[PDB]
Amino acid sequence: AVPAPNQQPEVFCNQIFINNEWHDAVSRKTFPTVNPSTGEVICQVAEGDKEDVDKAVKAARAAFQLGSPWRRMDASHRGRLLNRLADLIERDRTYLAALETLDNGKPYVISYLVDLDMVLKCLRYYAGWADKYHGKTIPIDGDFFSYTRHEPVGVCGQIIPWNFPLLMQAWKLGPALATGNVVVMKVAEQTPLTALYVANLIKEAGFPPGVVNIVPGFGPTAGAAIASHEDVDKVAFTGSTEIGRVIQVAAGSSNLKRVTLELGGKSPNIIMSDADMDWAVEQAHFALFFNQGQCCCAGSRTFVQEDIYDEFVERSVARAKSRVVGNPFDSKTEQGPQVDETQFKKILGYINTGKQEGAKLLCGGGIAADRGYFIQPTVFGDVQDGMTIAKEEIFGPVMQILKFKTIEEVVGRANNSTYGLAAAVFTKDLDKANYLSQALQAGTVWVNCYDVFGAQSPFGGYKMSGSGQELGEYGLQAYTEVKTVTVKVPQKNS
């Protein structure tokens, strides 16, 4: 049961958030954010740059000073605040889901039942961790008492993408705040609105001024200002592999701040001959097409055993042809438009490359509408490992189906990639499942399912898909500093 959406939600926040106050950019400049379903400008938003980042960093540093309200606050109380924030987001769920759809393009039904639900679950999960991430008392040699304190890392710069605006903001705020850090967040230029509204809720929840600061703006300006800042202790980045390299170099060239990266992928989804056919087809469809194909862990290489290849393909094509593309506010819409014009064109370019290289176009392949950035659900069959569409992240509704024969063969082909974010295996056999989950070089391996995320389970990639993890207890590590205190004692006893 989904409440009727306001297809034209009002925008209340569109400025820079610092010290719980709204500010215009120092330059007074603004940039437009577009509704991808219509191609029309929603509103103007303050264009933050270096000077604005500097103001935000100083406010974060001030809020992080020893003896400040945020530093003195009981850990259990930080949890109370995260829970309060969640309650506020839930109060405004119908509104936020509509705003998310308007700015991003994803179906309102999904924004409401999925994105918003996950935001709530993630913040409430981390609220619980606030007073539970213990340090240790260590039995070192000699007459000493030794223990560790798990202290906050400090001023954390967080740069997020546009595919899951509210969820990415929650994935970053949750562990950072639970562990007592202060934040300077740079939201994506394509989707800054929902995050800004949440900042209003952060203030309402009672978080001390300076604890969370949000600077909307571009990458080479605001984003780079955060990465190269001399007083930013750590930077968490989620986005393209290309910018990930830029971020790591900026950190090494500035103050050696700590860096964590969540990059893209070209995740293999392996269908063994003994899989449940109906289930495997629907899951492989979901694996690739979810969120207009704009998922880092999208199952973009669908490997199907030869004995079931023909039937699997035939059913996959039928499902892709039946997928409803249209107005994201319409309850029947399964697929909305791509996020912007740049992405829209990039996808069309990859489709053209697929055709040129000899992949078999089975359905779709072009624009789905005259207005907005809509693309038809596209399926390529007989894809080979050396093809561009089999190697590069398309980030669109373009499915690649490859044929294989043996389990030893598919392991090697699946692993022959510079990416290692996720992978999946569909089979009824115990031994095959264990053999594959162990052998696949990926941060997450799903068995008989796909895109199953939980605030409790970590999500991080291997190889060039990034470093470190998000969600779960592991997510707390990157936001913690370890201090060992070793005290001389009169006579140590067990």
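All residue numbers refer to positions in the sequence shown, first residue = 1.
Stretches compared: 186-194, 238-246. Higher mean C-alpha B-factor in the entry: 238-246. Relative to its counterpart among 326-334 and 302-310, 326-334 has the higher mean temperature factor, C-alpha atoms as listed in the PDB entry.
The residue among 282, 230, 74, 393 whose C-alpha carries the highest B-factor in the deposited model is 230. Set against one another, the Cα B-factors of 112, 380, 286, 373 in the record reach their highest point at 373. The deposited CA B-factor of residue 417 belongs to the highest third of values across its chain. Among the modelled residues of the chain, residue 68 sits in the middle third by CA temperature factor in this PDB entry. Per-chain ranking of the deposited C-alpha B factor places residue 163 in the middle third. Split the chain's modelled residues into thirds by C-alpha temperature factor. Residue 169 is in the middle one. Annotation for residue 128: CA B-factor lies in the lowest third of the chain's modelled residues.
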